[PDB]
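Working notes, beginning with the structure itself.
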Amino acid sequence: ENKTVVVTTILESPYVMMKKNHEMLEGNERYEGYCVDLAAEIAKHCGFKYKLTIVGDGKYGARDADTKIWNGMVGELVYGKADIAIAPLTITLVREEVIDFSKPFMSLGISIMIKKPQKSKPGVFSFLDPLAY
Amino acid sequence: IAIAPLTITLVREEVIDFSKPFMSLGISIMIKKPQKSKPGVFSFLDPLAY
Amino acid sequence: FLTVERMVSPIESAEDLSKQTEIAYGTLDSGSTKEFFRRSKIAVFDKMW
Amino acid sequence: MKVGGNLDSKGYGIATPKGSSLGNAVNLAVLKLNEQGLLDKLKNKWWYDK
Amino acid sequence: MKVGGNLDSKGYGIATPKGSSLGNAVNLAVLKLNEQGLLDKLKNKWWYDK
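Those protein sequences? They're chains A, B, C, D and E, same order as listed.
The entry's author numbering puts the first residue of the first sequence at 391, with every later residue one more than the last.
The entry's author numbering puts the first residue of the second sequence at 474, with every later residue one more than the last.
The entry's author numbering puts the first residue of the third sequence at 623, with every later residue one more than the last.
The entry's author numbering puts the first residue of the fourth sequence at 721, with every later residue one more than the last.
The entry's author numbering puts the first residue of the fifth sequence at 721, with every later residue one more than the last.
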């Protein structure tokens, strides 16, 4: 018979975060964000039961150089600990080499974050500005 | 095998297998590039205030 | 001042294209775009279709 | 402040184990909402609307 | 002149019939060149370098 899908993820804004009153909430309703409604509509179209779960180690997933073990949601799926992972996860070859990724629903690139230096134009002193008072 | 600028669509997915996207596409607007317009008479009071 | 660089564009957005009728607009007689706007539900894309 | 263009091209995709029977239909739904533009509405919700 | 942003998010991928054994390895090479960024090099070659 049909079974509830173990959906693993990680708390990340605006993707996944707990609701402000999650303590008096239960199950999937305890969380909120983009990927929440995303996977929600995924179950809407595919017609299955699911369950929102948080990654244990709090990571995306990585392969140990020594023990060759994948951690995070990656290991969760590889070791059958989860049923599916929907998260702001980067798609890489090493990640393809162990599990399957769907077609990318969102294309991204590396970004450069700097400060916002704001120099408001003075109203009074900007008149006598150039040399000195 | 088919390697060409073929738009990935559902009905096309419905029958064959597409690889992961090597290039992302968006709808574009091509317009005839106009020339640099001359300002004309109004340049008299144009700068610094209207 | 005194710079002929204007680079003025009339529409700059497909929404404005829907907001005008002077400059016509269209695509090929077929394509995934024609089915796109054929099936699109955006009032902009619907009106333009 | 975000400055400069994207240094590369990467994509967000759903992770599913190899051989999972759900990969194909779920990916089909991906193509659906992608073609249904709901992705744009929700991205505007959690990015632009707020 | 091209004006305005992308009205949608589409993509191009190599098309292969369902059941083709070459889909997975060719797709792997796609992910390789993507990680190798060669796609940007040739895209510059035939788009911007010319």
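Quick reminder that beta carbons are idealized off the backbone N, C-alpha and C, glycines included.
Select from the region 729 to 752 of chain D all residues with a C-beta closer than 9 Å to any C-beta belonging to chain B, and list them in chain order. Here the close residues are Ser729, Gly731, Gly733, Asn747, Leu748, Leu751, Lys752.
List the whole-angstrom C-beta distance separating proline 478 of chain A from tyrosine 732 of chain D, where the pair is believed to meet the contact cut-off of C-beta under 8 Å. With 8 Å as the limit, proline 478 of chain A and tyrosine 732 of chain D qualify as a contact, their Cβ atoms being about 6 Å apart.
Would you please state the rounded distance, in angstroms, between the beta carbons of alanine 749 of chain D and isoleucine 432 of chain A? I believe it to be under 8 Å. About 6 Å separates the Cβ atoms of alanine 749 of chain D and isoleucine 432 of chain A, confirming a contact at the 8 Å cut-off.
Within chain A, the residues that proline 478 of chain B reaches when beta carbons sit closer than 8 Å: In chain order: nothing, as chain A lies at least about 17 Å away.
Taking the CB atoms as reference points, tell me whether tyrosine 405 of chain A and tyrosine 421 of chain A lie closer together than 8 Å. Against a cut-off of 8 Å, the Cβ pair of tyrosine 421 of chain A and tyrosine 405 of chain A comes out as no contact.
With 9 Å as the limit, tell me which residues of the region 477 to 508 of chain A have their beta carbon closer than that to any beta carbon of chain B; keep them in chain order. Only those residues of the region 477 to 508 of chain A whose C-beta falls short of 9 Å from the nearest C-beta of chain B are listed: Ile481, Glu486, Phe491, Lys493, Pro494, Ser497.
CA-to-CA distance, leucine 442 of chain A to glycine 417 of chain A, given in whole angstroms: About 7 Å.
Are there 16 or more other CB atoms within 10 angstroms of the CB of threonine 398 of chain A, so buried, or fewer, so exposed? Result: buried.
If the cut is a Cβ gap below 9 Å, which residues of chain B does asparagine 764 of chain E touch? By Cβ distance, chain B contributes nothing, its closest Cβ being about 12 Å from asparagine 764 of chain E, past 9 Å.
Backbone secondary structure at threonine 443 of chain A - three-state DSSP: The answer is strand: DSSP assigns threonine 443 of chain A an E or B state.
For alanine 636 of chain C and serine 654 of chain C, I'd like the C-alpha separation in whole angstroms. Each residue's Cα considered, the two are about 18 Å apart.
When you compare the region 491 to 510 of chain A with the region 742 to 756 of chain D, are there three or more beta-carbon pairs, one atom per stretch, that lie closer than 8 Å? Counting Cβ pairs under 8 Å, three or more are found: they touch.
If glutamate 627 of chain C and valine 723 of chain E are in contact, beta carbons under 8 Å, what's the gap, nearest whole angstrom? 16 Å between Cβ atoms; not a contact.
Please classify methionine 629 of chain C as buried or exposed, where buried requires at least 16 neighbouring CB atoms within 10 angstroms. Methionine 629 of chain C comes out exposed.
Taking the beta strand (DSSP E) that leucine 748 of chain D falls in, what are its first and last residues? No beta strand (DSSP E) holds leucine 748 of chain D; the alpha helix (DSSP H) holding it covers 742 to 756.
Hey, is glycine 757 of chain E's beta-carbon within less than 8 Å of any beta-carbon in chain C? Nearest CB-CB separation between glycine 757 of chain E and chain C: not below the 8 Å threshold.
Beta-carbon contacts of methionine 670 of chain C that lie in its chain and below 6 Å, excluding the five residues immediately before and after: Around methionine 670 of chain C: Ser640.
Backbone CA spacing between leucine 759 of chain E and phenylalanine 515 of chain A [nearest angstrom]: Rounded to the nearest whole angstrom, the CA to CA distance from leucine 759 of chain E to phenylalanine 515 of chain A is 54 Å.
Closer than 8 Å, CB to CB, is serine 652 of chain C near chain E or not? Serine 652 of chain C is outside the set of residues whose beta carbon lies under 8 Å from a beta carbon in chain E.
Using DSSP with H/G/I as helix, E/B as strand and the rest coil, what is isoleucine 502 of chain B? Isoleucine 502 of chain B falls in the strand class under three-state DSSP.
So which residues on chain D does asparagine 726 of chain E lean against when the C-beta distance must stay under 7 Å? Correct list: empty, because the minimum Cβ distance to chain D is about 10 Å.
N-terminal and C-terminal residue of the beta strand (DSSP E) that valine 397 of chain A is part of: Counting along the chain, the unbroken beta strand (DSSP E) around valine 397 of chain A starts and ends at 394 to 399.
According to DSSP, is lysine 722 of chain D part of a helix, a strand, or is it coil? The answer is strand: DSSP assigns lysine 722 of chain D an E or B state.
Out of A:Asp447, A:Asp456, A:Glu419, A:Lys458, point me to the one whose CA is closest to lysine 471 of chain A's CA. In terms of Cα proximity to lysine 471 of chain A, the closest of A:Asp447, A:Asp456, A:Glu419, A:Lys458 is A:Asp447.
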